Every structure is written in C-alpha cells, then in structure tokens.
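**Student:** I have a structure here, written as structure tokens, and I will follow up with some questions on it.
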Amino acid sequence: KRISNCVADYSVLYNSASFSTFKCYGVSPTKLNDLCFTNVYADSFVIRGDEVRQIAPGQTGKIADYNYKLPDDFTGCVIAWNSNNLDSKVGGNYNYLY
Amino acid sequence: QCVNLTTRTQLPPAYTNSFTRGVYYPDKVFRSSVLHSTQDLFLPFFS
Amino acid sequence: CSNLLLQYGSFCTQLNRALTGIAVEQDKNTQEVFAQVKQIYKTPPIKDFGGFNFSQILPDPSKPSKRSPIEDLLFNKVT
Amino acid sequence: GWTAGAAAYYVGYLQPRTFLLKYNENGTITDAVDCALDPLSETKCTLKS
Amino acid sequence: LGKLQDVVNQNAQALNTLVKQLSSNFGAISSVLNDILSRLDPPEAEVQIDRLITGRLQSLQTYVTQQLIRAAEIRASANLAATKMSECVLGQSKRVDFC
Amino acid sequence: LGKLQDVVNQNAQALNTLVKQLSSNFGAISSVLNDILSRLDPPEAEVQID
Amino acid sequence: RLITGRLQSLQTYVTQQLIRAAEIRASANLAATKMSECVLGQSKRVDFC
Amino acid sequence: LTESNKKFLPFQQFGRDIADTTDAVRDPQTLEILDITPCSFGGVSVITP
Amino acid sequence: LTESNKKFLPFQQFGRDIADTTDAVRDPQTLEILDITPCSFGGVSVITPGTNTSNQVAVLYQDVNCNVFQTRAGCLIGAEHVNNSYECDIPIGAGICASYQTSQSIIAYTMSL
Amino acid sequence: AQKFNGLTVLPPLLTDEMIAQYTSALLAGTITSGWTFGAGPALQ
Ligand SMILES: *[C@@H]1O[C@H](CO)[C@@H](O[C@@H]2O[C@H](CO)[C@@H](O)[C@H](O)[C@H]2NC(C)=O)[C@H](O)[C@H]1NC(C)=O
Ligand SMILES: *[C@@H]1O[C@H](CO)[C@@H](O)[C@H](O)[C@H]1NC(C)=O
Ligand SMILES: *[C@@H]1O[C@H](CO)[C@@H](O)[C@H](O)[C@H]1NC(C)=O
Ligand SMILES: *[C@@H]1O[C@H](CO)[C@@H](O)[C@H](O)[C@H]1NC(C)=O
C-alpha cells in the first residue's frame, strides 16, 4: 500500500489496547507525529506465532531470509495482533501459503 | 484491431555521430555560477 | 549530540585554543613586518627629488583610497 | 501504397558516467564536460574548472 | 602572482572540504544527524551518532593539523619578510644575492 | 617575560590535559578500565576496552 | 574497523611527512642563503660561512 | 527569509550555492524566492581592563 | 612469474623480502623458484599546453613500461621526442620536460641547463 | 624494495648529472670571475 497526498496520525492506531506485540523502530510514540515522512508504505501479511521472533533486523531463519529480508536500517514499525477468530476455521484452514 | 504489412524493399539503418547532445537537468535544485559533478545516466559525447 | 560531546570536550579545548593561537599569531605577523617605526612620516609637498619620479609608489590625493597606483593595480590583480 | 512525408528520429542509449555541469547566473546549463571520454576532458572535471 | 594566490586558494579549498565532510556518512546510514534521530529511537541510534562524532572529530582534527602547518610556514615567511624589511629597506644590506 | 613564559605554560597545560583525557569515557560506560573488568566479563567488555 | 585502522595509519604518516617536508624546506632555505652569500660573494657575517 | 532578486526556472524547488548549501527555496504556493541565512554567527568576547 | 637465480633450501615453500612481502614462491611441479612482482605501478598523468594555445594533450604513465616515447619516467604517449634541447616549462621528471613547439605539436626533450 | 604495495617513488626532476653540472658551472664561475657572475654579467 502507498499513502500519498494524505494526512495520517498514529495516536488512534496505538490506543486500541488490543495489539499483542508492538515492535516499532520508527520513532518513540510521542515524537512519531510532529516530524515528517515522505511516504508511508504498508506490507501486510500473515505469519505463525513462532516466526514473529525472526522478524527483526539482523536475524536468520527460514522466513526472514526467504520471504522478506529485513535491512539493518529497518525503521518499519511492525504491529502484530491476534485475529484467529476470523482467518481460521475448523477442519483445517489451508488458504494461506508460505 | 490491426492489419499486417506486405514484404517490400526497405533501406538498412544508418549510424551517425552525436555532437554535445543528451544533456538534461539531473535534479530539481537551482545552482548559480558553480561547476558541480553528478553521477547519473547521460548520453556520452561523440558516441 | 551535545550530551556525547562531553566525552570529547577535552578534544574541543585544544582545537579552540589552536585556532585562537593561530589567529593571534596571524595578527602578530602584521606588526612584525609593517610596524618597524613608531612615527608616521608625512610625504613632503615638494616632489623635486633631483629628477626621480615617485608618483608611482607614493600615494596620490586624486583618489579617496590611500593606496599607491601600483598598489591599486596590485589590489585588483589578486582575488 | 502509402506516403509518410519526411522525418528522421535518432535513438540513443544512456550510460552511467560522471558529467561536469556548467551554470550561469541565470541558472541554465551552458556546457557539459565528461570524465571518461577524453584525457583533456578528464583533467577539466578533476580540477572542477 | 603565485605566492599571494596559493595562500588564499588553499584556504578556500580546505574551507570547502570541511563543508564536504558533513555530506558523508562515515559508515552510517545517513549524513545529517537530524534524520537518524527522526527515523530511529535515540537508544538504538546511539551507534550511528557516535560514529558521526568520531568522523567529524577526525576531520576537524585533520583540519587543525595542516592549518597549524600552514601557520608555521607563513611564520617562516613573515620572519623572512621582517628580516628583509629591516635590512633591505631600513638601510643598505651588504648580503649579496639577498635583496 | 612573554616569550619565555608561553613555552612553559603551554607545555604544562598540555601535560595537564593528557591527565584530563583519562577522566573521559569516549562514549563508553566508565572512565577507568578496571571498573568494566570488575563488573563485566572480558568477552563482553572487549568493545568497551577497544 | 580495518578501513579506519588503515586510514589512521595514513595521516599519521602524512603529518609526519609534512613535518619532515617543513624541516627540509627550512634546511633548503638555509642552504640557498648560504649559496647566495658564502659562494656567490664574500659574506661579512662572521661565524656563518 | 529575505526578499531576493534572482528568479528560478519554473521546474526547480530548491536552490544551492558554490559551497553547496541550500540557501534559496521557492514557496510551493506563491512561488516566492526566499533566501535562507542563519542567525547565530560567531561567539562572544569580554574586554577586561 | 620471472625466472629467479636464487636457490631455495629443500624444505621451504614461500619467500619474503626485507619489506616482508611474499615475492618468491616455489612451484610444486618440478621445484623451480619463481619471483612475484606486481604488474600495476603508479598512475596516469596528462600534459596540457594550456588554454588558448592548443587542444591536444599527452598522456604520461608514472611507472608503467610500454607518437610513443619510452622516457626514463615511464611511458609518454601523444608527444614526439626530439633530440634538440631547449628550456622547458612543463616538468615531467628525470631531466626531461614537455613543451608545445613547432604545424605545431607537443614535443619531449632533455631540458637545457 | 618498497614499491610492491602501491607505495611508488617519484623520481626527481633533476638527477645527479645536471646537479653536478650545476656545481661545475658554479665552481667555474667562482674561480674565473669571483662574485660578479652572481651579481650581473660574468667578468674575468
Ligand atoms: C611620473 O610618471 C607618471 C607615469 O604614470 C607621469 O604621469 C603621466 O604623465 C603623462 C605626461 O603628461 C600623461 O600623459 C599621463 O597621463 C600621466 N599618467 C598618469 C598615470 O598620471 C608623470 O608625469 C611623471 N612625472 C614626472 C615628474 O616625470
Ligand atoms: C540572462 O542573463 C543576462 C545577464 O547577462 C540578462 O540580461 C538576461 O535577461 C538573462 N535572461 C533571462 C531570460 O532573464
Ligand atoms: C619494457 O618491455 C619491453 C618488452 O616487454 C622490454 O623489451 C623492455 O626492456 C622493457 N623495459 C624495461 C626498462 O625493462
Ligand atoms: C638526434 O641526433 C642524433 C645524432 O647522432 C641521432 O643519433 C638521433 O637519432 C637524433 N634523434 C632523432 C629523434 O632524430
């Protein structure tokens, strides 16, 4: 996703009190809105609970090296939360690939 | 839609020489009375 | 940036003192080359020096500047 | 049977080279000097003059 | 003139290069210190700002050396000019091939 | 005397400042090298030593 | 660290060479004056030539 | 932001100098060439009798 | 890999020098001693007559061994060599200069004292 | 040698031959003219 010619704050994106993990190397929350960025991109995907550890700058594995390589200057904030009541179903949900 | 052409006699392509051509502004800044160098994609002179 | 400069605040002490020493030495160089005499000698109004023409090195009153005609050429020659 | 008038178009490919750009007081480009074309042109762009 | 032009051109080139130092990263991810503070947290960006301190300190430390060396040679030049002023101008010097 | 006092004071202030250089951390977490060896293991405190 | 380690050896040699170039120039200037006075004439400066 | 006397070509947003410092920028809306000059110059000195 | 004239003791493989550089190796095929010498020496240099005088230039190599004249200070190309000697203005090295004389081209000659 | 790692040595503009030829002319002028050759035209 590309966001251009738009105004977007992030206080509403943080006070939901529902995100399980919050790995944001963009800025500290108080100083992440006063300054400017040129373009905010969105890379959304699904992953298991044992592979969120490998999504970090400077780590190896089977997902962070073969699907999405994180650079050393990975300022992209990773917001992760559990929504297992919608994207999974009984009988085996195999619609997601990796 | 499109149609097809028929076989006819053409002319082979020729090769000429450029003379100080293919120079553009490499950036959107203003510079006055300065001689600066940039590393971008340009057409070589006398190529 | 200034908080981490305190670990190298001693380094900035010599650099400020070296340029201060350089600047005061450049100032001191001028008085050792030009200020040999402590009395300003005025050029006499009589220009009869036995045939020696001195208008080229002595200052001229035609211009507001006190520079000689060869000094004005020297001033404009170097950027 | 057709006619196309008279035209001539030139196609050239760009290469990554360092170019020395000259600017006047109006801000437009007057001349350009390459660094990998001539040894004389190399001396011009290394001396930045 | 060469002796009056090199002392000015060498400064302007040396003064220009100090500006050129701030345009280099010194092995960091950015040149300006404000960017890494605005795109990374200060606890994590302490390494990048520290290598910017060392790179800019060394360039300033380098710049001080040749300025001190350039101050030394002109001090020799000013001493030579002072001796020539006291001898060749303020009297007649018997030193042959000196004035 | 000015030409004789500067060559002693400048040396003395240079000798004094070398002692002052050992009181700075240079971006580390301590000034004295014995402190990090006492509270941190040498495999981990190698970067602070270097 | 190898780049800055090999860098740090260079200006130490360069500053050393610049100081050595300064004293050679001072010695060359002294020899030039001795050449201009002691050889190309007779110098009245006692205990100099 | 002083009133300058030099105009830009109608495709450039910034403006630099010989020392490569951005000291001129045109406004996105009113297209006004406003010069940039810092305020903090030099230090302070004390005269003691 | 030049053919050296120094014989190695029959228990060694490599060979160093006063400057501590591996410049001598023994080929394990039939035990011959071969020296090691780098092929890239120095850099390039360009001779320019100056503005409003000429347009052509001469290319000088610093320590590279080879219209083209093999000078003492390397290879000089683009400048002809003349046995006559005059006063020079553009220094090159080792008592040889370059100048633009008589059309007219860039010449290289020994500097006249 | 010291030239195997790119630390080349630039030969001087004046070699030992013409420096010796400088000194011979300087010696010849000193013994045949005194100091007038160093302060103008060479007398005898
Ligand atoms: C000293 O030399 C200056 C040369 O600058 C003489 O001034 C020139 O005099 C001639 C004769 O009338 C004029 O045509 C020139 O225009 C003058 N030039 C300048 C720059 O003033 C001056 O006359 C000489 N004085 C004496 C006493 O010989
Ligand atoms: C270009 O500069 C000249 C001054 O040399 C000036 O007279 C002229 O008007 C300028 N061109 C434009 C389009 O303003
Ligand atoms: C340069 O190389 C040629 C051929 O390779 C050789 O004949 C010549 O002697 C070499 N020059 C020197 C100075 O060794
Ligand atoms: C210069 O003259 C000498 C005289 O014997 C000759 O050997 C030499 O080849 C000449 N050089 C040229 C370039 O003609």
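Chain labels A, B, ... are given in the sequence in which chains occur in the structure tokens; within each chain residues are numbered consecutively from 1, and ligands are likewise numbered from 1 in the order shown.
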As a PyMOL selection string, please: every residue in chain A that a backbone DSSP assignment puts in strand (DSSP E).

**Tutor:** chain A and resi 2-3+21-23+40-41+78-80

**Student:** As a PDB file with C-alpha atoms, in the first residue's frame, please: every protein or nucleic acid residue near ligand 1 (cut-off 7 Å, counting only C-alpha atoms and all ligand atoms).

**Tutor:**
```
ATOM      1  CA  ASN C  53      59.784  60.326 -10.354  1.00  0.00           C
ATOM      2  CA  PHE C  54      57.964  58.973  -7.289  1.00  0.00           C
ATOM      3  CA  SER C  55      54.281  59.406  -8.201  1.00  0.00           C
ATOM      4  CA  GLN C  56      54.004  55.677  -8.978  1.00  0.00           C
TER       5      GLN C  56
END
```

**Student:** Neighbouring residues of residue 15 (chain B) were defined as those with any atom within 12 Å, considering only C-alpha atoms; residues of the same chain fewer than 4 positions away were excluded. Please report them as a list in words.

**Tutor:** residues 47 of chain B; 9, 10, 11 and 12 of chain D

**Student:** Which chains and residue numbers are within 8 Å of ligand 4, counting only C-alpha atoms and all ligand atoms, if I want them as a PyMOL selection string?

**Tutor:** chain I and resi 81-84

**Student:** Would you mind listing the residues within 10 Å of ligand 3, counting only C-alpha atoms and all ligand atoms, as a PyMOL selection string?

**Tutor:** chain I and resi 63-66+70-72+74-75

**Student:** Near residue 96 (chain I), counting only C-alpha atoms, which residues have an atom at most 8 Å away, once you skip same-chain residues fewer than 4 positions from it, shown as an MDAnalysis selection string?

**Tutor:** (chainID I and resid 91:92 108:111) or (chainID J and resid 13)

**Student:** I want to know what sits within 6 Å of residue 58 (chain I), based on only C-alpha atoms, with residues of the same chain fewer than 2 positions away left out; could you give that as a PyMOL selection string?

**Tutor:** chain I and resi 46-47+77-79

**Student:** What lies within 9 Å of residue 19 (chain H) using only C-alpha atoms, ignoring chain neighbours under 2 positions off, as JSON, numbers by chain?

**Tutor:** {"B": [34], "E": [16, 19, 20], "H": [16, 17, 21]}

**Student:** Using N, CA, C and O atoms, can you export the residues from the last selection as a PDB file, in the first residue's frame?

**Tutor:**
```pdb
ATOM      1  N   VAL B  34      28.286  27.796 -10.519  1.00  0.00           N
ATOM      2  CA  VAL B  34      29.009  26.708  -9.875  1.00  0.00           C
ATOM      3  C   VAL B  34      29.246  25.610 -10.905  1.00  0.00           C
ATOM      4  O   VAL B  34      28.520  25.494 -11.898  1.00  0.00           O
TER       5      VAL B  34
ATOM      6  N   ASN E  16      36.238  24.665   1.878  1.00  0.00           N
ATOM      7  CA  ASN E  16      35.186  23.981   1.129  1.00  0.00           C
ATOM      8  C   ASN E  16      35.097  22.513   1.520  1.00  0.00           C
ATOM      9  O   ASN E  16      34.003  21.938   1.554  1.00  0.00           O
ATOM     10  N   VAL E  19      32.980  21.668   4.575  1.00  0.00           N
ATOM     11  CA  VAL E  19      31.569  21.548   4.224  1.00  0.00           C
ATOM     12  C   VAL E  19      31.296  20.185   3.595  1.00  0.00           C
ATOM     13  O   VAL E  19      30.276  19.545   3.881  1.00  0.00           O
ATOM     14  N   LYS E  20      32.218  19.706   2.752  1.00  0.00           N
ATOM     15  CA  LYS E  20      32.080  18.394   2.127  1.00  0.00           C
ATOM     16  C   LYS E  20      32.085  17.256   3.141  1.00  0.00           C
ATOM     17  O   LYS E  20      31.581  16.170   2.834  1.00  0.00           O
TER      18      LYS E  20
ATOM     19  N   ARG H  16      20.877  26.038  -4.289  1.00  0.00           N
ATOM     20  CA  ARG H  16      22.126  25.901  -3.555  1.00  0.00           C
ATOM     21  C   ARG H  16      23.115  26.970  -4.012  1.00  0.00           C
ATOM     22  O   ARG H  16      22.809  27.813  -4.860  1.00  0.00           O
ATOM     23  N   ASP H  17      24.315  26.925  -3.435  1.00  0.00           N
ATOM     24  CA  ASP H  17      25.348  27.910  -3.731  1.00  0.00           C
ATOM     25  C   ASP H  17      26.644  27.227  -4.148  1.00  0.00           C
ATOM     26  O   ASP H  17      26.657  26.025  -4.429  1.00  0.00           O
ATOM     27  N   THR H  21      25.178  24.685  -0.180  1.00  0.00           N
ATOM     28  CA  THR H  21      24.298  24.861   0.966  1.00  0.00           C
ATOM     29  C   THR H  21      22.976  25.416   0.467  1.00  0.00           C
ATOM     30  O   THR H  21      22.957  26.390  -0.294  1.00  0.00           O
TER      31      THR H  21
END
```
